[PDB]
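J.: Before I ask anything, here's the sequence and the deposited coordinates:
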Amino acid sequence: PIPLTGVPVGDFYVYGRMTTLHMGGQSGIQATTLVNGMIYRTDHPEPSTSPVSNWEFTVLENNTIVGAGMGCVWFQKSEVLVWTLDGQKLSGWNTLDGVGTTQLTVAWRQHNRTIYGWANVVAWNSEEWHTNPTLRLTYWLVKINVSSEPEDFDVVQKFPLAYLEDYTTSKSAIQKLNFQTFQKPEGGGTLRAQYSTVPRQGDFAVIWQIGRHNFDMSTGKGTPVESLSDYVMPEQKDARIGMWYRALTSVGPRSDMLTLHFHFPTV
Amino acid sequence: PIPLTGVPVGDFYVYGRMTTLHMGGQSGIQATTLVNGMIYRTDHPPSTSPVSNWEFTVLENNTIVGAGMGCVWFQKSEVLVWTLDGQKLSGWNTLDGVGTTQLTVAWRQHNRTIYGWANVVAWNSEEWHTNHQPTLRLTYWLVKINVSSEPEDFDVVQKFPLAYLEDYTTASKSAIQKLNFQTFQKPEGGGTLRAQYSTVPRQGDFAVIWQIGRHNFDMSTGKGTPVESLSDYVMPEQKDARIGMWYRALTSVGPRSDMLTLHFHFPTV
């Protein structure tokens, strides 16, 4: 047997149980199915000097927004395997304990307080899908610097789904070529973000954003996504990053064995 | 560097690119987003050999010991295979020459049910509580394809997973029901939807067929019960799954293919 020793050198895979941050719910009811709630707040009580994207997380370089975070899954370095490849041969069975982070920071807007310097970007990956900047799905591996306990709160939440036109609950006219993202309320015109579990300092999380934005795979920087709507995808897509179905699922469990591939800075 | 040597000994993990069989579509329009198309055909035929209400049917001896509602396929070369010892790599193996079981998958195409299409190799199942009725279970089988059949695109009733929406509005809001798992019909124009089979597997390749809904399964024999129908579901507790299949099996939309990881179990003694 090969023990999980060493630190991943170069691009590396991370496979293990990853837990969704908050569940789409309503006060009193345990939210168990709505896995992809994306908090979308345009109101900016943030001082103009300290900016934050229209979403929950905001990737920043030096006070400048270089990305956004709509979804968040988190894990612990003790529950995940890490391996790096030589083509398709195993070149490392390593652990994240002692991984190096970048200067890039992630800011977490929580209900009524935003935690600047919540995490430091470690590695990333991204992929585009042309819709006619084009639509991209970018995610970041981040190392968590602080330990915060978020507060459940009702907020408007956009979800991924299909473009239906004659909806019934048990048949609806489905549009192909079409990705749709829209808000979904329960009770108020918003939806409760039920933070079931929560990571801590030293843990790891994988935040991501999907939609029209630009990204640069060597610097880890890009642009935040402003808004989400309908998207017409003309041709097919055979993706390689390994998280499109998780980022497009409407309903799922809280956690599941998910695999991810991450790329280090290569300026 | 460690090479891909040997066949997986024991329960193994398969990571790689997995391409779906057919995309939910319509004549004229290329089907690029409808990734979770589950063909539901209650019309059964030639009655001499059984068939399930879905596209694929796992049969031990003409008994329907399972059913296949979704399908992703790949070739043995585009996957990583590794078995574990807790957290230490027991083997960096390949599917080349892996052993199959006597369980057989039959594929009901448009007007052609190809029997002995695949032989089951391994399996995994995960249940999620829903309330002599079976619990909701997700069961997928790793199968070794024995033919190179070229299927035929055709329009039928197609089951699709999604949330429970109530006051729908698009172009866009809909009262969303938490705790709720809805699986309904997704046709276009008429009453059915076309299955656009594009990249189709060949002999010697592998596929992952899975079923979701009310059914029972045995992780020791690989035999279970087929899923009759799909409706609404209420999941009072949360699920922290461990099979790595729920998000791909429950997404309403997604790319034709992507990288997935799956844990499989061999026959138990």
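T.: That came through fine. Numbering: from 1, shown residues only, chains lettered A, B, ... in the order given.
J.: Following element in sequence after the longest strand seen in chain A, please.
T.: Longest strand in chain A by number of residues (criterion: DSSP state E): strand A:113-129. Downstream of strand A:113-129, the next assigned helix or strand under DSSP states H and E is strand A:135-144.
J.: if we can go back for a sec, and the longest strand of chain A, how far out from the chain's middle?
T.: Distance of strand A:113-129 from its chain centroid, counting by C-alpha atoms, centre = their mean, to the nearest Å, is 8 Å.
J.: Check stretch A:35-48 too.
T.: 14 Å.
J.: Distance across it, terminal residue to terminal residue?
T.: End-to-end distance for stretch A:35-48: 32 Å, by C-alpha to C-alpha, to the nearest Å.
J.: now for the longest strand of chain A, which elements pack on it?
T.: The helices and strands touching strand A:113-129, judged by 3 or more C-beta pairs under 8 Å, 6 or more residues apart in numbering or on different chains; DSSP states H and E, are strand A:105-110, strand A:135-144, strand A:204-212, strand A:255-262. The way it works is simple: take the backbone N, C-alpha and C, and place the C-beta from them, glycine included.
J.: Grab the nearest non-local neighbour of the residue nearest the centre of chain A.
T.: The centroid of chain A falls nearest to residue A:208 when counting by C-alpha atoms, centre = their mean (2.5 Å). Nearest residue to residue A:208, sequence neighbours excluded (C-beta to C-beta, 6 or more residues apart in numbering or on different chains): residue A:139, at 3.5 Å.
J.: Tell me who's in contact with that neighbour.
T.: By C-beta atoms under 8 Å, 6 or more residues apart in numbering or on different chains, the contact list for residue A:139 reads A:124-126, A:206-209, A:241, A:243, A:247, A:260.
J.: now do residue A:151
T.: Applying C-beta under 8 Å, 6+ apart, the residues near residue A:151 are A:110-112, A:195.
J.: go with 6 Å
T.: residue A:111 (C-beta atoms under 6 Å, 6 or more residues apart in numbering or on different chains).
J.: for the one 5 residues further on, same thing?
T.: When contacts are counted by C-beta under 6 Å, 6+ apart, residue A:156 is found next to A:40, A:183, A:190.
J.: so how far is stretch A:216-229 from its chain's centroid?
T.: Centre to centre, stretch against its chain (C-alpha atoms, centre = their mean), the figure for stretch A:216-229 is 12 Å.
J.: which of the residues in it are buried?
T.: Using 16 or more other C-beta atoms under 10 Å in any protein chain shown as the test for burial, stretch A:216-229 gives A:220-225, A:228.
J.: now stretch A:113-120
T.: A:114-116, A:118-120.
J.: hmm, who's touching it?
T.: With C-beta under 6 Å, 6+ apart, stretch A:113-120 has contacts from A:52, A:101, A:105-108, A:142-146, A:148.
J.: Repeat that for stretch A:203-218.
T.: Taking C-beta under 6 Å, 6+ apart as the rule, stretch A:203-218 contacts A:57, A:68-76, A:126, A:133, A:135-142, A:144, A:199, A:222-223, A:225, A:228, A:247, A:266-267.
J.: quick one: residue A:197 is in a helix?
T.: No. The assignment for residue A:197 is coil, going by DSSP: H, G, I helix; E, B strand; the rest coil, so no helix is present there.
J.: Got phi/psi on it?
T.: phi -100, psi 170 (degrees, to the nearest 10).
J.: Over to residue A:246?
T.: According to degrees, to the nearest 10, residue A:246 has phi -70, psi -40.
J.: Residue numbers of the stretch 1-150 of chain A in contact with chain B?
T.: Residues of the stretch 1-150 of chain A found near chain B (C-beta under 6 Å from any C-beta of the partner chain) are A:1-4, A:15, A:25, A:29, A:31-34, A:86, A:89-91, A:93.
J.: If you count neighbours, what's buried in stretch A:142-159?
T.: Buried, per 16+ other C-beta under 10 Å, within stretch A:142-159: A:142-144, A:148, A:150, A:152-159.
J.: Same check on stretch A:105-114?
T.: A:105-110, A:114.
J.: Helices of chain A, residue ranges please.
T.: Under the criterion DSSP state H, chain A contains helices at A:244-248.
J.: What is the nearest of the contacts of stretch A:113-120 to chain B?
T.: Checking those against chain B with C-beta to the nearest C-beta, the nearest one is residue A:144 at 19.5 Å.
J.: right, and the closest one touches residue A:198 too?
T.: No. Residue A:144 lies out of contact with residue A:198 (C-beta atoms under 6 Å); the separation is 10.0 Å.
J.: Quickly list what the closest residue to residue A:131 other than its chain neighbours is bridged to.
T.: Of all residues not flanking residue A:131 in the chain, residue A:231 sits nearest, at 4.3 Å (C-beta to C-beta, 6+ apart). On the basis of DSSP bridges, residue A:231 is bridged to residue A:179.
J.: show me what contacts residue A:231?
T.: Residue A:231 neighbours (C-beta under 6 Å, 6+ apart): A:131, A:135, A:179.
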